[PDB]
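The basis for the numbers below is simple: all heavy atoms, side chains too, and nothing from hydrogens, waters or symmetry mates. Residue numbering restarts at 1 for every chain, and letters A, B, ... go by the order of the sequence lines.
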Amino acid sequence: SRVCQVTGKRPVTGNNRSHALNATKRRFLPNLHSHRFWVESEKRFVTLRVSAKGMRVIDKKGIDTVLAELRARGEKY
Amino acid sequence: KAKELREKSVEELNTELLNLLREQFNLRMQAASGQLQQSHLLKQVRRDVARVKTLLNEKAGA
Amino acid sequence: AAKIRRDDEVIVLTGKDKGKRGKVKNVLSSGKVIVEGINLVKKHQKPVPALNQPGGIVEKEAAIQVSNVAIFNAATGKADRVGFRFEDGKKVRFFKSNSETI
Amino acid sequence: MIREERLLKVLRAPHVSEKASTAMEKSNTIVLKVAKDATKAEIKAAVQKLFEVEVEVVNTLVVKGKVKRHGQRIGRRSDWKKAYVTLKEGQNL
Amino acid sequence: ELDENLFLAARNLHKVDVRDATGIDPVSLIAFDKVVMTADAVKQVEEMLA
Amino acid sequence: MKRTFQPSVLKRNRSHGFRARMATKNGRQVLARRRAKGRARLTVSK
RNA sequence: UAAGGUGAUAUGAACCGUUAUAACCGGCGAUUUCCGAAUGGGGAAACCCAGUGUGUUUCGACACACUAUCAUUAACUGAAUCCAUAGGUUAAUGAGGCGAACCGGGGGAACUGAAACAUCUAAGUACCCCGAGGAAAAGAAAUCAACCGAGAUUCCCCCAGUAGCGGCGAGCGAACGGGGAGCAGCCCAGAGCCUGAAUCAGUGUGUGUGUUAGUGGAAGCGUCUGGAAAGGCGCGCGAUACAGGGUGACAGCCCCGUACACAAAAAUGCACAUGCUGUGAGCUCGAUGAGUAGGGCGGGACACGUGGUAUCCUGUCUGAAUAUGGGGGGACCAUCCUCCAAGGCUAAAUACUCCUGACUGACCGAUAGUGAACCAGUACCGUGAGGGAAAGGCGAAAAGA
Ligand SMILES: [K+]
Ligand SMILES: [K+]
Ligand SMILES: [K+]
Ligand SMILES: [K+]
Ligand SMILES: [K+]
Ligand SMILES: [K+]
Ligand SMILES: [K+]
Ligand SMILES: [K+]
Ligand SMILES: [K+]
Ligand SMILES: [K+]
Ligand SMILES: [Mg+2]
Ligand SMILES: [Mg+2]
Ligand SMILES: [Mg+2]
Ligand SMILES: [Mg+2]
Ligand SMILES: [Mg+2]
Ligand SMILES: [Mg+2]
Ligand SMILES: [Mg+2]
Ligand SMILES: [Mg+2]
Ligand SMILES: [Mg+2]
Ligand SMILES: [Mg+2]
Ligand SMILES: [Mg+2]
Ligand SMILES: [Mg+2]
Ligand SMILES: [Mg+2]
Ligand SMILES: [Mg+2]
Ligand SMILES: [Mg+2]
Ligand SMILES: [Mg+2]
Ligand SMILES: [Mg+2]
Ligand SMILES: [Mg+2]
Ligand SMILES: [Mg+2]
């Protein structure tokens, strides 16, 4: 599924709105990317499917801290 | 007849069971041929088997 | 417990045989009783060739409602109502009128 | 060895008919109603133990029950297994 | 005051009804042939109706 | 003339039978509806 | 608990029983084929085919028990690759399915209204999906208010069809504040002290008190009519019982009940009392939720359609201060007031009824009332989803000629 493993960001629905305010249903998808993260502690790369936002979170909190949260939620990687 | 059966041992009960089953078989053949007037005996023996099996199950510890 | 039992001497309270006395032969589950010689019907019995064939107009007792008979108290010589009480641990029936055990 | 408990349940009744009678006095074959789930092996074992005769062979068939009305009240009779038991020559029952 | 004895004595008499002054109702007053009020009840009804 | 109903027991069971119904959530909803209504016969299964 | 009985059709056949192992009723047990989540594999449901291990064997064979998947945990094992990791095996524990409504969440119409129709409405409705409970959800102020104050949430009555929103159309429609129901507060982001002390919890034992069978339960005769009396008439009686049902007509006193008073070997609910084990309260000293608030862009929710538009949510791109600080008070600024986000838990008042018991109706009485008073979700119709009837009354008694 199009879900960020770090942030939990997923598709949300909303409308397109024309100039005449015609509403048609649309989705907003997260900016997801598969990325190999170097886990210095474990001397290996881990692949996560993460939003660009999630990648900023990992930069800030560090991958080790984030991987702990994944293990707590019970999300495999 | 549960009192007097409850005195008997497992091996004695197992022997009683076979006897009843042989009686049941004999009555069934008689009934089939039309040489059994006492139709009530079929039920008696059937309930006797059930009684023995019950007691066997108790002495097993189930 | 039942107030009217098999073998009780009863008197008929209502119906064509009002007043007549008799002994209770059978008590049916329906809440009816056969009383000897009371509620007689003339059955037109067909002959049954399978077995013996006594095909005729037979007179037999028909069941009467148990509430239509009363226990006959021979002392008073009248219909009586029944109550229950314990005497020596055992539940017994007694006549309401004179309080005597039945 | 088939338990005697089992053998005592498998034979249900003799089957009486013109065909059964002719089978007996022509081919030394007895016709039995047997338990629906009785195998040829069980039937053979039971007859040899309970009737005390030597069995050559058992043939079996399932009879399908008929639909029968009972005072404007319909119901299907049970299927039952019939066994043609051929006794060895010299045996009698 | 609703006398419990009087209440129990009147239960099985279908033509008789026993109320307290607070529990009077228009239909009852009309429905019965006679109305018996205790002196106390009269005082209470007065106060109830000013 | 050839009419629309041309019976095949195999096809009947595969299309509409109990196991076909149990195979999908919509099939299971059919059985739930039929049980709720109290049908004597849940499926074509004989 | 009992003089009768073994469920009915249902007649009789064979029987069982009568003072207590007949039967019947209640508690606790036992047994409980096959299919079905179906779980040893498979499969056209109710079937086909096994493996392993224990036994047993008259060597023909037989019995019994195990053997699904996934999650979690543990142990052992274990690649490419040296460690390792992935993977593998075994064990333990748990899950799955069903269910009328109510509940939370993820998605989400159209007819229709606007006398056309596109914004808007219908409506976050129908419906699909996921999840959960006996309720759910919500909940302990970064809330309101207005310089006076209030003090979590939920529900009801007002405020008010008001203020507003709105092709300013059709329509939509608050809050402040008041009256009520109910009321409750806590904990983590951390050590010391206290010591196992508040307290709840688990598991025993008591004592009350329900529930699950039951027991007793008042008092009427005469006469007339009639097929029959319970009706008429006469004269009595009971009533903490004249609710109701039955009985050959519409019975307080014939029967069953009713008011009222009693009852449990066994299991079990609830409220108190009290052993035991776990539990850390209280005090002191700290700490005080960051890709967060806020912002740009696009949407959504708020009565509010972006509008001068606050506040809330966030797909996308960014990005503070951190108590000398920060949020809110309907653009915005200043002042003042008020609160402390970015962690969590929490009873009651509220919603509903597949189901059980009791009672009630200016509710129906067989074309009505359920589709169904009756063997009806049946017959019948349809490949299927699905649709779906008709049909009650002899008599007091079968005395059914
Ligand atoms: K009264
Ligand atoms: K299975
Ligand atoms: K429309
Ligand atoms: K129109
Ligand atoms: K049009
Ligand atoms: K009279
Ligand atoms: K009577
Ligand atoms: K009449
Ligand atoms: K009556
Ligand atoms: K942001
Ligand atoms: Mg052959
Ligand atoms: Mg064959
Ligand atoms: Mg059958
Ligand atoms: Mg399977
Ligand atoms: Mg299987
Ligand atoms: Mg296979
Ligand atoms: Mg229109
Ligand atoms: Mg539950
Ligand atoms: Mg909750
Ligand atoms: Mg009694
Ligand atoms: Mg009485
Ligand atoms: Mg009449
Ligand atoms: Mg804000
Ligand atoms: Mg923001
Ligand atoms: Mg802004
Ligand atoms: Mg914005
Ligand atoms: Mg502001
Ligand atoms: Mg009519
Ligand atoms: Mg109808």
Among G:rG298, G:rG384, G:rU21, find the nucleotide with the atom closest to the side chain of A:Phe28.
G:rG298
Nearest to the side chain of C:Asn68 - G:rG291, G:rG248, G:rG300?
G:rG248
Is the terminal nitrogen or CZ of C:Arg81 (NZ for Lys, CZ for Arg) located under 6.0 angstrom from the six-membered ring centre of C:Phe95 and within 45° of that ring's axis?
no
Counting Watson-Crick and G-U wobble pairs only, both distances under 3.5 Å, name the nucleotide matched with G:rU31, or none.
none
Which nucleotide, G:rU1, G:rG5, G:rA218, lies nearest any side-chain atom of C:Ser29?
G:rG5
How close or far is atom P of G:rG17 from atom NE2 of B:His40, stated in whole angstroms?
10 Å
Verify whether the stacking test passes for G:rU370 and G:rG371, with limits of 5.5 Å on the ring-centre separation and 30° on the angle between planes.
no
Is it the case that G:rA334 and G:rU335 stack, meaning their six-membered ring centres lie under 5.5 Å apart and the ring planes differ by under 30 degrees?
yes
F:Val44 side chain, from C-beta outward: closest of G:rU119, G:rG384, G:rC62
G:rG384
Does any N or O donor sit under 3.5 Å from an N or O acceptor when you compare the side chain of F:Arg34 with the base of G:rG386?
yes
Looking only at heavy atoms, which two atoms of D:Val47 and D:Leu11 are closest? And how far apart?
CG2-CD1, 4.0 Å
Of all the nucleotides listed (G:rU57, G:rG29, G:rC15), which has the minimum atom distance to the side chain of B:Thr54?
G:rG29
If we call a positive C1'-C2'-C3'-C4' torsion north and a negative one south, what is the sugar of G:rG164?
north
Send over the distance from C:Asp8 CG to G:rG4 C1', rounded to a whole Å.
13 Å
